[PDB]
Amino acid sequence: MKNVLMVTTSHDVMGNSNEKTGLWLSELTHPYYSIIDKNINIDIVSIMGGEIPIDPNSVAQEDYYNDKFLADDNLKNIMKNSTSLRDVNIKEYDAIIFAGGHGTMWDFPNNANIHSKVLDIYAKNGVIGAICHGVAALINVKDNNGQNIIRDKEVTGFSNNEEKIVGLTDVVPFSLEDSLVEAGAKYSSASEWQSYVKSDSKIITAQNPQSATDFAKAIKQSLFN
(Lines give C-alpha, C1' and ligand atoms only; values in the text may rest on other atoms or scores of the structure.)
Protein backbone atom coordinates (compact mmCIF):
# COMPACT_ATOMS: atom_id res chain seq x y z
CA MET A 1 0.00 0.00 0.00
CA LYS A 2 1.40 3.39 -1.04
CA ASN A 3 0.28 6.59 0.66
CA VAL A 4 0.42 9.95 -1.11
CA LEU A 5 -0.12 13.42 0.39
CA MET A 6 -1.49 16.12 -1.93
CA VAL A 7 -1.23 19.72 -0.73
CA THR A 8 -3.20 22.79 -1.86
CA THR A 9 -3.04 26.49 -1.26
CA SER A 10 -5.44 28.22 1.16
CA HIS A 11 -4.84 31.70 -0.29
CA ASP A 12 -7.86 33.13 -2.11
CA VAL A 13 -6.98 36.69 -3.20
CA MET A 14 -4.73 37.77 -6.03
CA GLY A 15 -2.36 40.09 -4.17
CA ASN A 16 -3.65 43.61 -3.47
CA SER A 17 -6.44 43.35 -6.03
CA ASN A 18 -9.96 42.10 -5.32
CA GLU A 19 -9.52 39.25 -7.81
CA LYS A 20 -10.20 35.80 -6.42
CA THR A 21 -7.70 32.98 -6.84
CA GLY A 22 -6.63 29.76 -5.17
CA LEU A 23 -6.14 26.21 -6.39
CA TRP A 24 -6.07 25.36 -10.09
CA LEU A 25 -8.61 22.58 -9.69
CA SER A 26 -7.45 20.12 -12.35
CA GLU A 27 -3.93 20.08 -10.84
CA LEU A 28 -5.56 18.40 -7.85
CA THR A 29 -8.20 16.31 -9.60
CA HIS A 30 -6.33 15.02 -12.66
CA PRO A 31 -3.35 13.68 -10.71
CA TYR A 32 -5.76 12.38 -8.04
CA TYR A 33 -7.67 10.17 -10.45
CA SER A 34 -4.55 9.24 -12.45
CA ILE A 35 -2.70 7.97 -9.39
CA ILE A 36 -5.38 6.47 -7.11
CA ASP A 37 -6.04 2.75 -7.16
CA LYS A 38 -6.64 -0.12 -4.73
CA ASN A 39 -2.95 -0.10 -3.75
CA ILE A 40 -2.37 3.67 -3.67
CA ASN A 41 -4.15 5.89 -1.17
CA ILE A 42 -4.27 9.67 -1.52
CA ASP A 43 -4.93 12.11 1.30
CA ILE A 44 -5.54 15.79 0.63
CA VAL A 45 -4.67 18.76 2.83
CA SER A 46 -4.48 22.52 2.50
CA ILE A 47 -2.16 24.99 4.16
CA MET A 48 -4.72 26.39 6.59
CA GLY A 49 -7.38 23.70 6.60
CA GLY A 50 -11.03 24.55 6.08
CA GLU A 51 -12.38 25.66 2.72
CA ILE A 52 -10.01 25.15 -0.19
CA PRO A 53 -10.30 28.17 -2.50
CA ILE A 54 -10.66 27.43 -6.22
CA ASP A 55 -9.41 29.92 -8.81
CA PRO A 56 -12.53 30.62 -10.88
CA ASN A 57 -10.51 30.63 -14.07
CA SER A 58 -9.72 26.95 -13.48
CA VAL A 59 -13.41 25.97 -13.61
CA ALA A 60 -14.64 28.41 -16.29
CA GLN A 61 -14.43 25.54 -18.75
CA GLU A 62 -16.26 22.33 -17.99
CA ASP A 63 -13.96 19.38 -17.24
CA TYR A 64 -14.86 15.73 -16.71
CA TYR A 65 -12.58 14.96 -13.77
CA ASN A 66 -13.24 18.30 -12.05
CA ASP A 67 -16.96 17.53 -12.13
CA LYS A 68 -16.37 13.93 -10.99
CA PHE A 69 -14.33 15.16 -8.04
CA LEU A 70 -16.90 17.75 -6.97
CA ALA A 71 -19.77 15.26 -7.27
CA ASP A 72 -18.18 12.84 -4.77
CA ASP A 73 -19.60 13.62 -1.31
CA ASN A 74 -16.36 12.64 0.42
CA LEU A 75 -14.21 14.82 -1.82
CA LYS A 76 -16.72 17.68 -1.71
CA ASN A 77 -16.38 17.68 2.06
CA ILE A 78 -12.57 17.73 1.82
CA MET A 79 -12.89 20.91 -0.25
CA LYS A 80 -15.14 22.49 2.39
CA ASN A 81 -13.55 21.10 5.56
CA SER A 82 -9.98 20.21 4.69
CA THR A 83 -7.35 19.08 7.14
CA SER A 84 -4.40 21.46 7.54
CA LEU A 85 -0.88 20.41 6.56
CA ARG A 86 0.19 21.20 10.14
CA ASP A 87 -1.95 18.34 11.44
CA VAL A 88 -0.69 15.39 9.42
CA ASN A 89 2.14 13.07 10.30
CA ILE A 90 4.43 13.02 7.29
CA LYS A 91 5.97 9.68 8.38
CA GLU A 92 2.82 7.97 7.08
CA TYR A 93 3.44 9.08 3.48
CA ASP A 94 5.63 7.90 0.60
CA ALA A 95 5.19 11.05 -1.45
CA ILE A 96 4.18 14.68 -1.11
CA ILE A 97 2.61 16.44 -4.11
CA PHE A 98 2.00 20.22 -4.40
CA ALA A 99 -0.86 21.37 -6.62
CA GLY A 100 -0.74 24.81 -8.26
CA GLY A 101 -2.94 27.82 -8.83
CA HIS A 102 -1.72 31.36 -8.20
CA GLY A 103 -2.76 31.23 -4.53
CA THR A 104 0.36 29.16 -3.86
CA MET A 105 2.59 32.18 -4.54
CA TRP A 106 1.39 33.78 -1.29
CA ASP A 107 1.33 30.83 1.14
CA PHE A 108 3.71 28.11 -0.11
CA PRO A 109 7.19 29.70 -0.22
CA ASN A 110 7.65 30.46 3.47
CA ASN A 111 5.54 27.73 5.04
CA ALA A 112 7.49 25.99 7.82
CA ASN A 113 5.51 22.77 7.58
CA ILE A 114 6.22 22.53 3.87
CA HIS A 115 9.93 22.96 4.59
CA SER A 116 10.11 20.31 7.32
CA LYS A 117 7.81 17.79 5.63
CA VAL A 118 9.55 18.00 2.25
CA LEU A 119 12.84 17.40 4.11
CA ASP A 120 11.37 14.33 5.76
CA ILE A 121 10.23 12.83 2.44
CA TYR A 122 13.51 13.81 0.75
CA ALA A 123 15.58 12.17 3.51
CA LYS A 124 14.04 8.76 2.83
CA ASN A 125 14.26 9.37 -0.93
CA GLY A 126 10.49 9.52 -1.30
CA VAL A 127 8.78 11.36 -4.13
CA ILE A 128 8.43 15.14 -4.07
CA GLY A 129 6.12 16.52 -6.75
CA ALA A 130 5.05 20.07 -7.63
CA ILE A 131 3.16 21.52 -10.60
CA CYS A 132 2.72 25.03 -12.06
CA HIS A 133 2.95 27.67 -9.31
CA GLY A 134 2.99 24.80 -6.80
CA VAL A 135 6.73 24.59 -7.45
CA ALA A 136 6.89 27.70 -5.17
CA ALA A 137 6.74 25.11 -2.36
CA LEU A 138 10.30 23.99 -3.16
CA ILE A 139 12.18 27.27 -3.55
CA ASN A 140 13.23 27.71 0.12
CA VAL A 141 13.47 24.12 1.36
CA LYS A 142 16.90 23.95 3.03
CA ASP A 143 18.98 21.15 4.53
CA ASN A 144 20.67 21.38 7.94
CA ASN A 145 23.43 23.57 6.49
CA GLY A 146 21.00 26.08 5.10
CA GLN A 147 21.59 24.96 1.52
CA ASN A 148 18.63 24.68 -0.86
CA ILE A 149 17.84 21.07 -1.68
CA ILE A 150 16.91 21.97 -5.27
CA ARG A 151 20.32 23.55 -5.98
CA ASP A 152 21.94 21.93 -9.03
CA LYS A 153 18.73 20.01 -9.80
CA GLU A 154 16.77 20.15 -13.04
CA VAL A 155 13.35 21.67 -12.45
CA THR A 156 10.53 23.42 -14.24
CA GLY A 157 7.42 25.33 -13.15
CA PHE A 158 5.10 28.06 -14.47
CA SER A 159 7.23 30.06 -16.91
CA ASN A 160 7.75 33.82 -17.10
CA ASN A 161 6.43 33.63 -20.66
CA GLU A 162 3.19 32.00 -19.52
CA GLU A 163 2.92 34.50 -16.64
CA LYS A 164 3.21 37.38 -19.13
CA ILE A 165 0.59 35.87 -21.44
CA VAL A 166 -1.99 35.73 -18.61
CA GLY A 167 -1.10 39.29 -17.58
CA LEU A 168 -0.04 38.65 -13.99
CA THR A 169 3.71 39.34 -14.15
CA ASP A 170 3.13 42.49 -12.10
CA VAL A 171 0.55 40.94 -9.75
CA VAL A 172 2.48 37.93 -8.45
CA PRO A 173 4.79 38.77 -5.51
CA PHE A 174 7.87 37.38 -7.28
CA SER A 175 8.74 35.54 -10.48
CA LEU A 176 8.64 31.80 -9.84
CA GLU A 177 11.12 31.06 -12.63
CA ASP A 178 13.53 33.73 -11.40
CA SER A 179 13.26 32.43 -7.81
CA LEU A 180 14.08 28.86 -8.82
CA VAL A 181 17.16 30.14 -10.65
CA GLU A 182 18.18 32.23 -7.62
CA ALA A 183 17.80 29.12 -5.44
CA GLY A 184 20.44 27.42 -7.59
CA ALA A 185 18.17 25.11 -9.57
CA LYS A 186 18.60 24.42 -13.28
CA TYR A 187 15.35 25.84 -14.64
CA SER A 188 13.97 24.98 -18.05
CA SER A 189 10.62 25.16 -19.82
CA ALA A 190 8.89 24.02 -22.96
CA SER A 191 6.89 26.25 -25.27
CA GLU A 192 3.80 27.86 -23.66
CA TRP A 193 0.97 25.54 -22.57
CA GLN A 194 2.93 22.47 -23.68
CA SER A 195 3.27 19.48 -21.35
CA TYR A 196 6.67 19.53 -19.66
CA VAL A 197 7.87 17.43 -16.74
CA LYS A 198 11.27 17.27 -15.07
CA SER A 199 12.53 14.56 -12.73
CA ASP A 200 15.74 14.84 -10.70
CA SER A 201 16.48 12.80 -7.57
CA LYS A 202 12.75 11.98 -7.22
CA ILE A 203 11.92 15.68 -7.25
CA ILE A 204 9.32 15.87 -10.01
CA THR A 205 8.22 19.24 -11.33
CA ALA A 206 5.74 20.17 -14.05
CA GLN A 207 5.22 23.40 -15.92
CA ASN A 208 1.51 24.10 -16.38
CA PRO A 209 -2.02 22.65 -16.18
CA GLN A 210 -1.38 20.99 -19.55
CA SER A 211 1.38 18.95 -17.86
CA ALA A 212 -0.87 17.33 -15.26
CA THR A 213 -1.26 13.95 -16.99
CA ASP A 214 2.43 13.30 -17.57
CA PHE A 215 3.15 14.75 -14.12
CA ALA A 216 0.94 12.10 -12.54
CA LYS A 217 2.46 9.39 -14.73
CA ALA A 218 5.96 10.32 -13.56
CA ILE A 219 4.92 10.35 -9.92
CA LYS A 220 3.20 6.98 -10.08
CA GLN A 221 6.22 5.36 -11.69
CA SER A 222 8.66 6.92 -9.20
CA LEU A 223 6.66 5.46 -6.28
CA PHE A 224 8.03 2.05 -7.28
CA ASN A 225 11.55 0.68 -7.80
# chains A, B, ... in the order shown; residues from 1 in each chain; ligands from 1

$ closest_atom_pairs --of "range 178-208 of chain A" --to "range 17-41 of chain A" --cutoff "12 Å" --atoms "only C-alpha atoms" --output "tab-separated table"
residue	atom	partner	partner_atom	distance
A:206	CA	A:27	CA	10.2
A:207	CA	A:27	CA	11.0
A:208	CA	A:27	CA	8.7

$ write_last_selection --atoms "N, CA, C and O atoms" --output "PDB file, in the first residue's frame"
ATOM      1  N   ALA A 206       6.526  20.085 -12.830  1.00  0.00           N
ATOM      2  CA  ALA A 206       5.736  20.165 -14.054  1.00  0.00           C
ATOM      3  C   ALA A 206       5.368  21.621 -14.292  1.00  0.00           C
ATOM      4  O   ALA A 206       5.228  22.403 -13.355  1.00  0.00           O
ATOM      5  N   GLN A 207       5.229  21.996 -15.556  1.00  0.00           N
ATOM      6  CA  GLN A 207       5.220  23.404 -15.921  1.00  0.00           C
ATOM      7  C   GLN A 207       3.868  24.114 -15.783  1.00  0.00           C
ATOM      8  O   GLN A 207       3.826  25.262 -15.365  1.00  0.00           O
ATOM      9  N   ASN A 208       2.778  23.432 -16.129  1.00  0.00           N
ATOM     10  CA  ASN A 208       1.506  24.100 -16.383  1.00  0.00           C
ATOM     11  C   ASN A 208       0.347  23.101 -16.260  1.00  0.00           C
ATOM     12  O   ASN A 208       0.578  21.915 -16.066  1.00  0.00           O
TER      13      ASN A 208
END

$ residues_around --residues "range 164-176 of chain A" --least-positions-apart "3" --cutoff "7 Å" --atoms "only C-alpha atoms" --output "PyMOL selection string"
chain A and resi 15+105+136+158+160-161+179-180

$ closest_residue --among "A:159, A:113, A:225, A:89" --to "residue 3 in chain A" --atoms "only C-alpha atoms"
A:89

$ closest_residue --among "A:196, A:69, A:64, A:93" --to "residue 1 in chain A" --atoms "only C-alpha atoms"
A:93

$ closest_residue --among "A:125, A:111, A:104, A:140" --to "residue 223 in chain A" --atoms "only C-alpha atoms"
A:125

$ closest_residue --among "A:128, A:216, A:90, A:118" --to "residue 142 in chain A" --atoms "only C-alpha atoms"
A:118

$ closest_residue --among "A:101, A:46, A:193, A:108" --to "residue 80 in chain A" --atoms "only C-alpha atoms"
A:46

$ select_by_dssp --residues "range 12-209 of chain A" --states "strand (DSSP E)" --output "PyMOL selection string"
chain A and resi 40-46+83-84+95-98+127-131+154-155+186-187+197-200+203-206

$ select_by_dssp --residues "range 48-202 of chain A" --states "helix (DSSP H, G or I)" --output "ChimeraX atom specification"
/A:56-58,64-71,73-80,85-87,90-92,104-107,112-123,132-138,160-165,176-182

$ closest_atom_pairs --of "range 66-127 of chain A" --to "range 144-147 of chain A" --cutoff "12 Å" --atoms "only C-alpha atoms" --output "tab-separated table"
residue	atom	partner	partner_atom	distance
A:115	CA	A:144	CA	11.4
A:116	CA	A:144	CA	10.6
A:119	CA	A:144	CA	9.6
A:120	CA	A:144	CA	11.9
A:123	CA	A:144	CA	11.4

$ closest_residue --among "A:102, A:76, A:91, A:198" --to "residue 163 in chain A" --atoms "only C-alpha atoms"
A:102

$ atom_distance --atom1 "CA of residue 56 in chain A" --atom2 "CA of residue 132 in chain A"
16.3 Å

$ atom_distance --atom1 "CA of residue 153 in chain A" --atom2 "CA of residue 5 in chain A"
22.4 Å
